[PDB]
Structures are given as C-alpha cells and as structure tokens.
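To start, the structure itself, in structure tokens.
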Amino acid sequence: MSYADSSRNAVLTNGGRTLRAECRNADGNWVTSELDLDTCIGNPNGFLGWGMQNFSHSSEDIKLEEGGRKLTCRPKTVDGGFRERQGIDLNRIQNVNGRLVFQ
C-alpha cells in the first residue's frame, strides 16, 4: 500500500515533484507532509521508473491519477521535448507517524 492508505488530499507541489498530503499519524491527526520523488524517479529516455532522478526535468503535465496511488505525466526527451505519455505508481512513498518518507 501507499501513503494514501492513511492519507488524503494529495497534491503536487514544487512544480510537481513533491507530494503534499494529509498523513494520519498514530495520534490520529492529519499532518501535511511532503516527499520529493524527483530524487528517485526519472524519465530522461521517455520512460518512467525508480532509479534515475529529476524526472520533472523530462516530463510534462505531472498530476496524480489514482488520487495519489499513481503519478501520471508525459515523459519527454530533453533533446527536443518529444516522446510518449506514461504513468508511475507511487507504492514506494509511505507515511510513518504522519511523516512522508520514501521506502
């Protein structure tokens, strides 16, 4: 499962590379935390996945599809800005005690 299991109102901040949502902490409170996926997600070749970084630099129209369980964007080659559209699931982004951390 992803942070969304116990988190709501997931939006795209910092242009669309950071996940901002209300993470329900153990105390039962909704704390707004942000995790930068641009550090572990990349798509300079036009393909999305975990490993490379700075995907925002090679993608357009970055928005969450499954309300936060998946991030959809069009990975475009930086060589010109042409490519294909795609989407990557964010099942690696977890929320521990209300703190959003990459796992």
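Chain labels run A, B, ... following the order of the structure tokens; each chain numbers its residues from 1, and ligands are numbered from 1 in the order shown.
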Do you know which residues are at most 9 Å from residue 97 in chain A counting only C-alpha atoms, after dropping those on the same chain fewer than 3 positions away, and could you put them as a PyMOL selection string? chain A and resi 23-27+100
Can you tell me, as a tab-separated table (two decimals) with C-alpha atoms, in the first residue's frame, what residues are no more than 6 Å from range 65-70 of chain A when counting only C-alpha atoms, ignoring any on the same chain fewer than 2 positions away?
```tsv
chain	number	residue	atom	x	y	z
A	10	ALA	CA	-2.61	14.53	-2.09
A	72	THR	CA	0.85	10.39	-14.36
A	88	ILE	CA	4.24	5.51	-12.47
A	89	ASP	CA	2.67	4.00	-9.36
A	90	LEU	CA	3.73	5.54	-6.06
```
Per DSSP on the backbone, what are the helix (DSSP H, G or I) residues of chain A, as a PDB file with C-alpha atoms, in the first residue's frame?
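The resulting file, part.pdb, is shown below:
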```
ATOM      1  CA  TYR A   3       0.773   6.665   1.999  1.00  0.00           C
ATOM      2  CA  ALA A   4      -2.752   7.202   0.628  1.00  0.00           C
ATOM      3  CA  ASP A   5      -3.859   4.207   2.750  1.00  0.00           C
ATOM      4  CA  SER A   6      -3.920   6.634   5.668  1.00  0.00           C
ATOM      5  CA  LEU A  37      10.009  11.738  -5.635  1.00  0.00           C
ATOM      6  CA  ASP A  38      12.224  13.571  -8.161  1.00  0.00           C
ATOM      7  CA  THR A  39      15.114  12.123  -6.174  1.00  0.00           C
ATOM      8  CA  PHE A  55      12.012  13.139 -13.825  1.00  0.00           C
ATOM      9  CA  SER A  56      10.335  16.550 -13.653  1.00  0.00           C
ATOM     10  CA  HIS A  57      13.076  17.763 -15.987  1.00  0.00           C
ATOM     11  CA  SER A  58      11.930  15.312 -18.635  1.00  0.00           C
TER      12      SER A  58
END
```
Where in range 68-101 of chain A does DSSP assign strand (DSSP E), given as number ranges by chain? A: 70-75, 86-89, 93-96, 99-101
Applying 6 Å and only C-alpha atoms, which residues near residue 19 in chain A remain after dropping the ones on its own chain fewer than 6 positions away? List them as a list in words.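 Counting only C-alpha atoms, the residues come to residues 12, 34 and 35 of chain A.
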Once you have the residues from the selection above, write them out as a short mmCIF file (atom, residue, chain, number, x, y, z; two decimals), in the first residue's frame, restricted to N, CA and C atoms.
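Output saved as selection_3.cif:
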```
data_model
loop_
_atom_site.label_atom_id
_atom_site.label_comp_id
_atom_site.auth_asym_id
_atom_site.auth_seq_id
_atom_site.Cartn_x
_atom_site.Cartn_y
_atom_site.Cartn_z
N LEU A 12 0.25 18.05 -5.90
CA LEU A 12 1.60 18.13 -6.46
C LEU A 12 2.19 19.51 -6.19
N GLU A 34 5.51 16.40 3.01
CA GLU A 34 5.92 16.44 1.61
C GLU A 34 7.15 15.57 1.36
N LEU A 35 7.08 14.75 0.32
CA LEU A 35 8.20 13.88 -0.06
C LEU A 35 8.55 14.15 -1.52
#
```
Using only C-alpha atoms, determine which residues lie at most 8 Å from residue 41 in chain A, disregarding the query and same-chain residues fewer than 3 positions distant; provide the list as a list in words. residues 37, 38, 48, 49, 50, 51, 52, 53, 54 and 55 of chain A
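Minimum atom-to-atom distance to residue 36 in chain A, evaluated using only C-alpha atoms, belongs to A:13 out of A:60, A:21, A:87, A:13.
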Of the candidates A:95, A:103, A:59, A:86, which one gets nearest to residue 7 in chain A if we count only C-alpha atoms?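 That would be A:95, the residue with the smallest distance to residue 7 in chain A.
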For a quick check of understanding, using only C-alpha atoms, which of A:28, A:47, A:40, A:8 has the smallest distance to residue 92 in chain A?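 Going through A:28, A:47, A:40, A:8 one by one, the smallest distance to residue 92 in chain A is for A:40.
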